[PDB]
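Since the structure comes first, as structure tokens, the remarks are kept for the end.
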Amino acid sequence: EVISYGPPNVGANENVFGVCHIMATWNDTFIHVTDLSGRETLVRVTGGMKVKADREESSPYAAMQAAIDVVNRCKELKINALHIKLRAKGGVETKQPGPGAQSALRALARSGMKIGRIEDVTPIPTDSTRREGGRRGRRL
Amino acid sequence: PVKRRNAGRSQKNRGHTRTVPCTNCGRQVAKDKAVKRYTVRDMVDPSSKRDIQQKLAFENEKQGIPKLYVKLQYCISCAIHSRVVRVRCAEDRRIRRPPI
Amino acid sequence: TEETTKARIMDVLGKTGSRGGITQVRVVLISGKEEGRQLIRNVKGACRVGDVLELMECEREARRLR
Amino acid sequence: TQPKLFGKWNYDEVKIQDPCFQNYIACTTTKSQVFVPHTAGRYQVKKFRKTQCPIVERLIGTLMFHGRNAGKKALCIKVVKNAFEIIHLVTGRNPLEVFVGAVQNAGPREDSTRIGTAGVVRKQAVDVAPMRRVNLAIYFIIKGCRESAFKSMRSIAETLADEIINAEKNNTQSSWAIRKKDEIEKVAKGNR
Amino acid sequence: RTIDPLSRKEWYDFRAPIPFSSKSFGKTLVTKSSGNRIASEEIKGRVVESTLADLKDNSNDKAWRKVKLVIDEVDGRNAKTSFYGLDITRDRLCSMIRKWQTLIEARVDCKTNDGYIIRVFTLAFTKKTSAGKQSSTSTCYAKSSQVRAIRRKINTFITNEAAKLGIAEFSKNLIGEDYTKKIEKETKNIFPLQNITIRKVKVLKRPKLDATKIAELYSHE
Ligand SMILES: [Mg+2]
Ligand SMILES: [Mg+2]
Ligand SMILES: [Mg+2]
Ligand SMILES: [Zn+2]
């Protein structure tokens, strides 16, 4: 039958908590579940996995497909609920999460996954090394 | 023809002010000159909000979804192009606390 | 996935689309699974107040106009 | 005496259910029970007047098309009555119940459109009004009719009857109207 | 599917230390013992980032306090944890950050009698009295000197309240609202302060736990 190599003893009352690190870039999206430690990785999905076009990598369609794959795969690991840690590229780069951010967050719960505590961890310089732009930034 | 008396930057009583990279481009801009708007938005479309608030595991949340805090700093070319700020007539040009 | 809800228009709000071909509308649901819920929807075609609308998702809610 | 359509078809046997259509499809009214589909009505002077026009007259209107057939109404009244006869010969129930059934059952609900908002340009998921739903229903049904009957031996009455029945039956193979309906609704679902 | 990748994985229940609920909070995954790899020993150093989802009664309002725990021990398929760190959500921070007041920050280094070296960061804000809405006009700043005296005072008090307590004690006090009350009472002379906060706690140097003290940390009612 079904041998789920996820946790031994559960109940219908019980909550099984995984953690979802979600990275949204203008160029892509990452939906990554692990345990509460962050050490042992459970599921991994990138937009680029879900589409063949380099430009679509970030898009909501891709984020959605990614999400549903993740959910389907947690479901058999017996995982009800993910905590969410959201991230943009951050550091010296932009701190605005990409387009896939919202879409993936939604599609996760849309898929009948409970949702735990939500935090934004975007890397935040106390202070920075110097930015990849020119002195004058991107012209055009 | 001096255009602004301010000359665009809020700086007086000093020689030099720290330069900030523009959010949009990354061009260095004066911290006085920069068009800076602090943004508290929500991470999620209101519809998407409904969907998530259904599935929130801890019912002890009252507005228990975080807001997204941005300190947004625009170089001038960017904040003009991007409509954050836009061209106004000479008289209005000096108006200081405008919004709603 | 086939699941459907009848949606009746309370108010015609805006007019929208690139060409301006769509109407924005406020809606009360009659399904019986979700009753009296209100939504904001973008409808193509010509609409009055108090029409009925066939809605495939009561989750998608249209971005309001400014 | 309650007039029957063409004299052989009772309007009293047609009941509409889906609450969107009851205001948008004519046949309920004393004014819409007509022996002949030909009103010579003013149905286009104001926005929603088209609603008060008898559905069969509406269909006839859609039929009158292409440069050569423009403004020949008698022809289409014939075609419609005949198709209705063939319909009662196939199903055996009020060809009206089949028609109305097939206007209801085939036409889009979701459709996709460009909504410019600032920078966003891409198709968006939009819902179809009752009036447009009906209008489109008829447009489609008849377009399928033409495409099929063009160089074939099958007449318009025949093609149209075929189409009306398939259209109520929901057949996605045999009904052009439903081919397009499903295609559109799929384009739409994909564009959300 | 062929050979589910988690085939070799054993699960462990996390157990929280003396200030927190004895009930397990989360669960962790680890690979089975290989005859070289000893299952329990691969987990000796792992680090758990949680809210207070960990204090049953008091939890629900504080989603704002992050607690790091580190696994000192494996007992029988469930992993015991000792104190590692304290912290704060982005939200609960940028929540508190307002223009037109002074942002005070105070960093301290202290020793427990428990044998721990800790680093505590404190946060505080200028409290407006004058009864208007704080604004460009309603400027609240405190003089830099007053800030300095405030640091000196906070810092001192913490080092004192640190040296006299165990890490159990210290952490319990730290999480809760006790120190905020006291700190306001010290600080008020220099300047009225608003939402005093312990921004973060780091554990610099942690001794290894004898079976005794790790038993006494467990001690759950
Ligand atoms: Mg670049
Ligand atoms: Mg100079
Ligand atoms: Mg003053
Ligand atoms: Zn710029």
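For the structure tokens, the naming scheme is as follows: chains receive sequential letters (A, B, ...) according to their order of presentation, residues are indexed from 1 within each chain, and ligands are indexed from 1 in presentation order.
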Return as a PyMOL selection string the residues of protein, DNA or RNA that approach ligand 1 to within 7 Å, with only C-alpha atoms and all ligand atoms taken into account.
-> chain A and resi 132-133+138
Name all residues at most 7 Å from residue 199 of chain E (count only C-alpha atoms; drop same-chain ones fewer than 2 positions away) and give them as a ChimeraX atom specification.
-> /E:87-88,121-123,197
Near residue 73 of chain B, counting only C-alpha atoms, which residues have an atom at most 10 Å away, once you skip same-chain residues fewer than 2 positions from it, shown as a PyMOL selection string?
-> chain B and resi 20-24+26+29+31+33-38+70-71+75-76+78-79
Surrounding residues as an MDAnalysis selection string, ligand 3, max 8 Å, only C-alpha atoms and all ligand atoms | chainID E and resid 138:141
I need the residues from that last selection saved to file as a compact mmCIF listing (two decimals), in the first residue's frame (with N, CA, C and O atoms), if you can.
```txt
# COMPACT_ATOMS: atom_id res chain seq x y z
N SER E 138 5.92 67.95 15.44
CA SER E 138 5.82 67.36 16.78
C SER E 138 7.07 66.63 17.28
O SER E 138 6.99 65.68 18.05
N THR E 139 8.21 67.06 16.74
CA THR E 139 9.52 66.45 16.91
C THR E 139 9.75 65.95 18.34
O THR E 139 9.51 66.67 19.31
N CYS E 140 10.12 64.68 18.47
CA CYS E 140 10.35 64.09 19.79
C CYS E 140 11.78 63.84 20.31
O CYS E 140 11.94 63.33 21.42
N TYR E 141 12.81 64.20 19.54
CA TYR E 141 14.18 63.73 19.81
C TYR E 141 14.68 63.98 21.24
O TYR E 141 14.32 64.96 21.88
```
Please provide the set of residues having any atom within 9 Å of residue 23 of chain E, restricted to only C-alpha atoms, with same-chain residues fewer than 6 positions apart removed, written as a ChimeraX atom specification.
-> /E:14-16,54,56
Contact set, chain E to chain A: 6 Å, only C-alpha atoms, as a ChimeraX atom specification = /E:6-7,11,28,47-48
Spatial neighbours of residue 211 of chain E, 12 Å, only C-alpha atoms, chain gap at least 6 places, as a ChimeraX atom specification = /E:72-73,75,217-218
Give me the residues near residue 205 of chain E as a PDB file with C-alpha atoms, in the first residue's frame, where near means some atom within 8 Å (using only C-alpha atoms) and where sequence neighbours in that chain fewer than 3 positions away do not count.
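Output (part32.pdb):
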```pdb
ATOM      1  CA  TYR E 116      27.094  30.989  29.894  1.00  0.00           C
ATOM      2  CA  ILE E 117      28.335  34.076  28.042  1.00  0.00           C
ATOM      3  CA  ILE E 118      25.474  36.026  26.455  1.00  0.00           C
TER       4      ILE E 118
END
```
Distance query segment 86-102 of chain A at most 10 Å, only C-alpha atoms, self and fewer than 5 positions along chain excluded, as a tab-separated table (two decimals) with N, CA, C and O atoms, in the first residue's frame:
```tsv
chain	number	residue	atom	x	y	z
A	20	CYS	N	8.53	26.23	4.69
A	20	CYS	CA	8.67	26.58	3.29
A	20	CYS	C	9.50	27.85	3.14
A	20	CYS	O	9.06	28.93	3.51
A	21	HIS	N	10.70	27.70	2.60
A	21	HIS	CA	11.51	28.83	2.17
A	21	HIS	C	11.13	29.15	0.73
A	21	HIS	O	11.26	28.30	-0.16
A	22	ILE	N	10.65	30.37	0.52
A	22	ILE	CA	10.18	30.80	-0.79
A	22	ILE	C	11.01	31.99	-1.25
A	22	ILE	O	11.06	33.02	-0.57
A	23	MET	N	11.67	31.84	-2.38
A	23	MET	CA	12.48	32.93	-2.91
A	23	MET	C	11.87	33.46	-4.20
A	23	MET	O	11.67	32.72	-5.14
A	24	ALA	N	11.58	34.75	-4.23
A	24	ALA	CA	11.03	35.36	-5.42
A	24	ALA	C	12.00	36.38	-5.99
A	24	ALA	O	12.39	37.33	-5.31
A	25	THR	N	12.39	36.16	-7.24
A	25	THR	CA	13.32	37.03	-7.94
A	25	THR	C	12.53	37.54	-9.12
A	25	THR	O	11.49	36.98	-9.46
A	26	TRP	N	12.98	38.63	-9.73
A	26	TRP	CA	12.40	39.09	-10.97
A	26	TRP	C	12.65	38.06	-12.06
A	26	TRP	O	11.93	38.01	-13.06
A	27	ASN	N	13.66	37.23	-11.85
A	27	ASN	CA	13.99	36.17	-12.81
A	27	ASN	C	13.54	34.72	-12.51
A	27	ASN	O	13.76	33.85	-13.36
A	28	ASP	N	12.93	34.45	-11.36
A	28	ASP	CA	12.57	33.08	-10.97
A	28	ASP	C	11.84	33.00	-9.64
A	28	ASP	O	11.68	34.01	-8.94
A	29	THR	N	11.41	31.79	-9.28
A	29	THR	CA	10.80	31.52	-7.99
A	29	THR	C	11.21	30.14	-7.45
A	29	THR	O	11.38	29.19	-8.20
A	30	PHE	N	11.38	30.07	-6.13
A	30	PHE	CA	11.84	28.87	-5.44
A	30	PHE	C	10.84	28.52	-4.36
A	30	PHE	O	10.55	29.36	-3.50
A	31	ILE	N	10.32	27.29	-4.38
A	31	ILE	CA	9.51	26.77	-3.28
A	31	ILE	C	10.19	25.55	-2.69
A	31	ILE	O	10.28	24.49	-3.32
A	47	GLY	N	10.61	27.60	-10.78
A	47	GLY	CA	9.80	27.93	-11.94
A	47	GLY	C	10.36	27.31	-13.20
A	47	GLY	O	9.62	26.72	-13.99
A	57	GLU	N	10.19	31.85	-16.37
A	57	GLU	CA	10.72	31.24	-15.15
A	57	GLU	C	10.11	31.79	-13.86
A	57	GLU	O	9.81	31.04	-12.93
A	58	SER	N	9.94	33.11	-13.81
A	58	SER	CA	9.40	33.79	-12.64
A	58	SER	C	7.88	33.72	-12.51
A	58	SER	O	7.35	33.72	-11.40
A	59	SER	N	7.18	33.66	-13.64
A	59	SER	CA	5.74	33.93	-13.73
A	59	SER	C	4.83	33.13	-12.79
A	59	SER	O	5.16	32.01	-12.40
A	60	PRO	N	3.67	33.72	-12.42
A	60	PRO	CA	2.64	33.08	-11.60
A	60	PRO	C	2.19	31.69	-12.07
A	60	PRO	O	1.96	30.85	-11.21
A	61	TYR	N	2.05	31.46	-13.37
A	61	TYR	CA	1.72	30.12	-13.87
A	61	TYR	C	2.75	29.10	-13.37
A	61	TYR	O	2.40	28.04	-12.82
A	62	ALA	N	4.02	29.46	-13.54
A	62	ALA	CA	5.13	28.63	-13.09
A	62	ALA	C	5.11	28.43	-11.58
A	62	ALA	O	5.29	27.32	-11.08
A	63	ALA	N	4.88	29.52	-10.85
A	63	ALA	CA	4.82	29.46	-9.39
A	63	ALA	C	3.72	28.52	-8.93
A	63	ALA	O	3.87	27.78	-7.96
A	64	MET	N	2.59	28.56	-9.64
A	64	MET	CA	1.44	27.73	-9.35
A	64	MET	C	1.77	26.27	-9.52
A	64	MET	O	1.60	25.47	-8.60
A	107	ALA	N	-1.32	29.61	-4.23
A	107	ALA	CA	-1.48	28.27	-4.79
A	107	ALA	C	-1.13	27.18	-3.77
A	107	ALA	O	-1.62	26.06	-3.87
A	108	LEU	N	-0.29	27.52	-2.80
A	108	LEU	CA	0.03	26.58	-1.73
A	108	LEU	C	-1.20	26.26	-0.88
A	108	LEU	O	-1.52	25.09	-0.64
A	118	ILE	N	3.99	33.39	9.36
A	118	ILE	CA	4.60	33.96	8.17
A	118	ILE	C	5.61	35.06	8.51
A	118	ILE	O	5.29	36.02	9.21
A	119	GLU	N	6.83	34.91	8.00
A	119	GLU	CA	7.83	35.95	8.16
A	119	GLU	C	8.48	36.27	6.83
A	119	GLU	O	8.59	35.41	5.96
A	120	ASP	N	8.89	37.52	6.68
A	120	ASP	CA	9.74	37.93	5.59
A	120	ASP	C	11.15	37.88	6.13
A	120	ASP	O	11.51	38.63	7.03
A	121	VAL	N	11.95	36.96	5.61
A	121	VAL	CA	13.38	37.11	5.79
A	121	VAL	C	13.95	37.48	4.44
A	121	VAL	O	14.09	36.64	3.56
A	122	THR	N	14.31	38.74	4.29
A	122	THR	CA	15.05	39.12	3.12
A	122	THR	C	16.32	39.59	3.76
A	122	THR	O	16.28	40.24	4.81
A	123	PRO	N	17.45	39.25	3.15
A	123	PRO	CA	18.76	39.71	3.63
A	123	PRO	C	18.82	41.24	3.67
A	123	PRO	O	18.51	41.90	2.68
A	124	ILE	N	19.20	41.78	4.82
A	124	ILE	CA	19.14	43.23	5.06
A	124	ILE	C	20.45	43.79	5.61
A	124	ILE	O	20.75	43.62	6.79
A	125	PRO	N	21.25	44.39	4.73
A	125	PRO	CA	22.54	44.97	5.12
A	125	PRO	C	22.37	46.01	6.24
A	125	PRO	O	21.50	46.87	6.13
A	126	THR	N	23.16	45.90	7.31
A	126	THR	CA	23.31	47.01	8.24
A	126	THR	C	24.09	48.05	7.47
A	126	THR	O	23.66	49.19	7.36
A	127	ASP	N	25.24	47.66	6.92
A	127	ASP	CA	25.59	48.22	5.62
A	127	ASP	C	26.42	47.52	4.58
A	127	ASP	O	27.23	46.62	4.83
A	128	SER	N	26.15	48.02	3.38
A	128	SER	CA	26.37	47.33	2.14
A	128	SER	C	27.77	47.42	1.58
A	128	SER	O	28.54	48.33	1.88
A	129	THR	N	28.07	46.41	0.78
A	129	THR	CA	29.14	46.48	-0.18
A	129	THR	C	28.54	47.27	-1.34
A	129	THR	O	27.35	47.57	-1.32
A	130	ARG	N	29.32	47.59	-2.36
A	130	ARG	CA	28.76	48.45	-3.40
A	130	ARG	C	28.01	47.70	-4.50
A	130	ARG	O	28.43	46.63	-4.94
A	131	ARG	N	26.91	48.31	-4.92
A	131	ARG	CA	25.92	47.75	-5.86
A	131	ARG	C	26.45	47.41	-7.25
A	131	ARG	O	27.39	48.02	-7.74
A	132	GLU	N	25.82	46.42	-7.89
A	132	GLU	CA	26.29	45.95	-9.19
A	132	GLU	C	26.10	46.96	-10.32
A	132	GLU	O	26.67	46.81	-11.39
A	133	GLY	N	25.32	48.02	-10.09
A	133	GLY	CA	25.09	48.98	-11.15
A	133	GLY	C	26.34	49.79	-11.46
A	133	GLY	O	27.40	49.53	-10.89
B	21	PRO	N	22.06	54.47	-3.36
B	21	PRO	CA	21.74	53.84	-4.65
B	21	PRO	C	20.24	53.83	-4.87
B	21	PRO	O	19.51	53.52	-3.93
B	22	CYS	N	19.78	54.15	-6.07
B	22	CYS	CA	18.35	54.16	-6.38
B	22	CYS	C	17.78	52.75	-6.41
B	22	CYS	O	18.40	51.85	-6.97
B	23	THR	N	16.62	52.54	-5.81
B	23	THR	CA	15.97	51.23	-5.82
B	23	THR	C	15.84	50.70	-7.25
B	23	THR	O	16.26	49.59	-7.55
B	24	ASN	N	15.29	51.53	-8.13
B	24	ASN	CA	14.95	51.10	-9.49
B	24	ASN	C	16.15	50.79	-10.37
B	24	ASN	O	16.23	49.72	-10.97
B	25	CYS	N	17.08	51.74	-10.45
B	25	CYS	CA	18.30	51.62	-11.26
B	25	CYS	C	19.53	51.26	-10.44
B	25	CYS	O	20.28	50.34	-10.79
B	26	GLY	N	19.77	52.02	-9.37
B	26	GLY	CA	20.91	51.79	-8.51
B	26	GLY	C	21.88	52.94	-8.64
B	26	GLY	O	22.95	52.95	-8.03
B	43	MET	N	1.60	41.66	1.60
B	43	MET	CA	2.26	40.73	0.69
B	43	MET	C	1.31	40.13	-0.34
B	43	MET	O	1.76	39.50	-1.31
B	44	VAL	N	0.01	40.33	-0.16
B	44	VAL	CA	-0.97	39.51	-0.86
B	44	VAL	C	-2.25	40.24	-1.35
B	44	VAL	O	-2.86	41.03	-0.63
B	45	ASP	N	-2.62	39.96	-2.61
B	45	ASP	CA	-3.87	40.41	-3.23
B	45	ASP	C	-5.03	40.07	-2.30
B	45	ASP	O	-5.06	38.98	-1.74
B	48	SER	N	-6.47	36.70	-2.68
B	48	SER	CA	-5.46	35.80	-2.15
B	48	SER	C	-5.51	35.81	-0.62
B	48	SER	O	-5.31	34.78	0.04
B	49	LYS	N	-5.80	36.98	-0.06
B	49	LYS	CA	-5.97	37.13	1.38
B	49	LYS	C	-7.07	36.22	1.88
B	49	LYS	O	-6.86	35.45	2.81
B	68	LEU	N	4.39	44.15	4.52
B	68	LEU	CA	5.70	44.34	3.92
B	68	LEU	C	6.15	45.79	4.01
B	68	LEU	O	5.50	46.70	3.47
B	69	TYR	N	7.27	46.00	4.71
B	69	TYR	CA	7.84	47.32	4.90
B	69	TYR	C	8.97	47.56	3.91
B	69	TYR	O	9.92	46.78	3.82
B	70	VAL	N	8.84	48.65	3.16
B	70	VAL	CA	9.82	49.06	2.18
B	70	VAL	C	10.21	50.50	2.45
B	70	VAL	O	9.35	51.35	2.59
B	71	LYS	N	11.50	50.79	2.54
B	71	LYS	CA	11.90	52.19	2.38
B	71	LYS	C	12.45	52.34	0.97
B	71	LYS	O	13.52	51.83	0.64
B	72	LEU	N	11.68	53.05	0.15
B	72	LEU	CA	11.92	53.11	-1.29
B	72	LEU	C	12.60	54.43	-1.65
B	72	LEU	O	12.08	55.50	-1.34
```
Could the residues that lie within 10 Å of ligand 2, counting only C-alpha atoms and all ligand atoms, be listed as a ChimeraX atom specification?
-> /B:14-17
Residue list (strand (DSSP E), DSSP) for chain A, as a ChimeraX atom specification = /A:17-25,28-34,41-46,81-88,114-120
Restricting the output to N, CA and C atoms, write the selected residues as a compact mmCIF listing (two decimals), in the first residue's frame.
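Done, and the output landed in selection-v4.txt:
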```txt
# COMPACT_ATOMS: atom_id res chain seq x y z
N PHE A 17 4.29 19.95 11.01
CA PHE A 17 4.83 21.21 10.53
C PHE A 17 6.13 21.12 9.75
N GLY A 18 6.02 21.48 8.47
CA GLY A 18 7.17 21.64 7.61
C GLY A 18 7.43 23.13 7.49
N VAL A 19 8.56 23.51 6.91
CA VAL A 19 8.87 24.92 6.70
C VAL A 19 9.17 25.21 5.24
N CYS A 20 8.53 26.23 4.69
CA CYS A 20 8.67 26.58 3.29
C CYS A 20 9.50 27.85 3.14
N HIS A 21 10.70 27.70 2.60
CA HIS A 21 11.51 28.83 2.17
C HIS A 21 11.13 29.15 0.73
N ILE A 22 10.65 30.37 0.52
CA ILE A 22 10.18 30.80 -0.79
C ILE A 22 11.01 31.99 -1.25
N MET A 23 11.67 31.84 -2.38
CA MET A 23 12.48 32.93 -2.91
C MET A 23 11.87 33.46 -4.20
N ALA A 24 11.58 34.75 -4.23
CA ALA A 24 11.03 35.36 -5.42
C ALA A 24 12.00 36.38 -5.99
N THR A 25 12.39 36.16 -7.24
CA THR A 25 13.32 37.03 -7.94
C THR A 25 12.53 37.54 -9.12
N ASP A 28 12.93 34.45 -11.36
CA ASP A 28 12.57 33.08 -10.97
C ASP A 28 11.84 33.00 -9.64
N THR A 29 11.41 31.79 -9.28
CA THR A 29 10.80 31.52 -7.99
C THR A 29 11.21 30.14 -7.45
N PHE A 30 11.38 30.07 -6.13
CA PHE A 30 11.84 28.87 -5.44
C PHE A 30 10.84 28.52 -4.36
N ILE A 31 10.32 27.29 -4.38
CA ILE A 31 9.51 26.77 -3.28
C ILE A 31 10.19 25.55 -2.69
N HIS A 32 10.67 25.70 -1.46
CA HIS A 32 11.59 24.72 -0.88
C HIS A 32 11.14 24.35 0.52
N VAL A 33 10.69 23.12 0.75
CA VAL A 33 10.33 22.74 2.11
C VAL A 33 11.40 21.92 2.81
N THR A 34 11.53 22.16 4.11
CA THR A 34 12.46 21.44 4.95
C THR A 34 11.79 21.19 6.28
N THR A 41 16.21 18.57 3.72
CA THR A 41 15.36 19.14 2.69
C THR A 41 14.35 18.10 2.20
N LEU A 42 13.09 18.50 2.11
CA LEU A 42 12.03 17.60 1.70
C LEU A 42 11.69 17.73 0.21
N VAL A 43 11.23 18.91 -0.20
CA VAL A 43 10.82 19.14 -1.59
C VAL A 43 11.50 20.38 -2.17
N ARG A 44 11.74 20.36 -3.47
CA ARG A 44 12.39 21.47 -4.16
C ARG A 44 11.74 21.76 -5.50
N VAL A 45 11.17 22.95 -5.68
CA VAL A 45 10.67 23.29 -7.01
C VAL A 45 10.97 24.72 -7.47
N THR A 46 11.54 24.83 -8.67
CA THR A 46 11.82 26.14 -9.28
C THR A 46 10.90 26.35 -10.46
N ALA A 81 0.81 21.43 7.30
CA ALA A 81 1.03 22.85 7.44
C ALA A 81 2.48 23.25 7.28
N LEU A 82 2.68 24.31 6.51
CA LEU A 82 3.99 24.86 6.33
C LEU A 82 4.06 26.20 7.04
N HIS A 83 5.19 26.46 7.69
CA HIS A 83 5.51 27.82 8.07
C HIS A 83 6.02 28.45 6.79
N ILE A 84 5.94 29.77 6.68
CA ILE A 84 6.45 30.42 5.48
C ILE A 84 7.52 31.46 5.78
N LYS A 85 8.64 31.34 5.07
CA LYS A 85 9.71 32.30 5.15
C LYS A 85 9.94 32.82 3.74
N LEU A 86 9.60 34.08 3.53
CA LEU A 86 9.60 34.69 2.21
C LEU A 86 10.84 35.54 2.03
N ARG A 87 11.37 35.55 0.81
CA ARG A 87 12.64 36.18 0.55
C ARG A 87 12.69 36.73 -0.87
N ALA A 88 13.25 37.92 -1.04
CA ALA A 88 13.64 38.40 -2.35
C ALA A 88 15.15 38.24 -2.37
N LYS A 114 -2.49 23.72 5.02
CA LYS A 114 -2.62 24.67 6.12
C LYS A 114 -1.42 25.60 6.10
N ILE A 115 -1.58 26.79 6.67
CA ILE A 115 -0.47 27.74 6.69
C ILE A 115 -0.17 28.27 8.09
N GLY A 116 1.09 28.11 8.50
CA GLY A 116 1.53 28.51 9.83
C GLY A 116 1.96 29.96 9.88
N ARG A 117 2.92 30.26 10.75
CA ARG A 117 3.43 31.61 10.92
C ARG A 117 4.11 32.10 9.64
N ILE A 118 3.99 33.39 9.36
CA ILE A 118 4.60 33.96 8.17
C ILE A 118 5.61 35.06 8.51
N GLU A 119 6.83 34.91 8.00
CA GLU A 119 7.83 35.95 8.16
C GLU A 119 8.48 36.27 6.83
N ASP A 120 8.89 37.52 6.68
CA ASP A 120 9.74 37.93 5.59
C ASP A 120 11.15 37.88 6.13
```
List every residue of chain A that DSSP, applied to the backbone of this structure, assigns to alpha helix (DSSP H), and report them as a VMD selection string.
-> chain A and resid 47 to 50 60 to 75 100 to 110
Across B:89, B:80, B:57, B:40, the smallest distance to ligand 4, with only C-alpha atoms and all ligand atoms counted, is shown by B:80
